[PDB]
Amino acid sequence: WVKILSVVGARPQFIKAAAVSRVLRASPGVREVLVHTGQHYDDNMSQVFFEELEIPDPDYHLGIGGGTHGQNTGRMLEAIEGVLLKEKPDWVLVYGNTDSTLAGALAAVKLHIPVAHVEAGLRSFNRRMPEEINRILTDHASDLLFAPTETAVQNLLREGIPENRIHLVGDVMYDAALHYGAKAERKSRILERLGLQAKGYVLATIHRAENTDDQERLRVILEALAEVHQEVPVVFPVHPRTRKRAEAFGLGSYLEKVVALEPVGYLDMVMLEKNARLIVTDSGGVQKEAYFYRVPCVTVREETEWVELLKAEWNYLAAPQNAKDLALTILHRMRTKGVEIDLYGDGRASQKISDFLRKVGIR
């Protein structure tokens, strides 16, 4: 009856989409079309998520990826528009803040197709971040804004977005963690294969462009991880951009001084996060995931969007300026806990989102 077309491109977008897609598939008023831009294309970055989270094959795969901002965004814009003219959906759902997100929103909004932004209103206040551009422009292009936190609500209101278009629904990635938890615990044997026990390692992920594209920042990080490793084993699934940059900069050797893995699937990843002594990341989603599992976290950035984690003291910023301090901060915070607090809703964000889409009516 109502057709809702989702646009996904990259790993974190398949996980969110998994959770929301489940509710939309199950809903009777609702046919879904999934468009995968091709932004993430390696099997351990894309395929594995579709398999392990039980997502059906995309209705479209545009096969666009590996280019500049300008190539990727631009080619995505044109190709998504193509799909949209054929499919003529009632809603376009875009997720998060990848180049794929912005391309989806821009494609839709000029065709007068209502766009709903899942994970809306987050701000880094750091415009050099491409993801800051993406979420600002996406949000102002959107008709519905599904905010995960009250901070995000307040950001949107401050940018003069009407309250009637903003919905605090919490976080679908919490829905996903809750839902897929039993499957992870049953199926992952990553601890076994690595020979690791509960709380006998630190988990690390790093891929922010601002960390990977600057040789000195990256060196600071790899070196701090290696030092940390001497005291507590460090498990490092390595983003494909991070590996490419490490290699290009001649930092290959630093990956040998830790337990460096290829990108892992969600199920393995849950298990690593759950059983870590501490998570160190520059990832958006991992910051929250650490909090889900009540594991202290260190964010290797000058800022985070998820400021509630800092207030609650589950998270702590440590910009990579010298390996000495970064290593020290990590080992110190390894001993901390934040305060008890519920964030991110009740794990039924996707259900709230589905309901608001079905019941908004024609303008």
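The term rigid core refers to the most C-alpha atoms you can superpose between the two forms while keeping them within 1.5 Å. Numbering starts at 1 and follows the sequence shown.
Relative to the shown model and aligned on the rigid core, the C-alphas in 5 other deposited structures of this protein deviate most, among 317-325 and 291-299, for 317-325.
In 5 other deposited structures of this protein, superposed by the rigid core, the C-alpha atoms of 196-204 lie farther from the shown form than the other of 127-135 and 196-204. Averaged over Cα atoms, the B-factor as recorded in the entry is higher for 52-60 than for the other of 66-74 and 52-60. For the pair 148-156 and 187-195, the mean B factor over Cα atoms is greater in 187-195. In the PDB entry, the Cα temperature factor peaks, among 248, 173, 271, 105, at 248.
In this entry, the residue among 97, 124, 242, 164 with the greatest C-alpha B factor is 164. Among the modelled residues of the chain, residue 266 sits in the lowest third by CA temperature factor in this PDB entry. Ranked within its chain, residue 294 lands in the middle third, by CA B factor from the PDB record. Sort the modelled residues of the chain by CA B factor and residue 236 lands in the middle third.
The PDB entry assigns residue 25 a C-alpha temperature factor belonging to the highest third of its chain's modelled residues. Placement of the Cα temperature factor of residue 230 within the chain: highest third of the modelled residues, per the deposited record.
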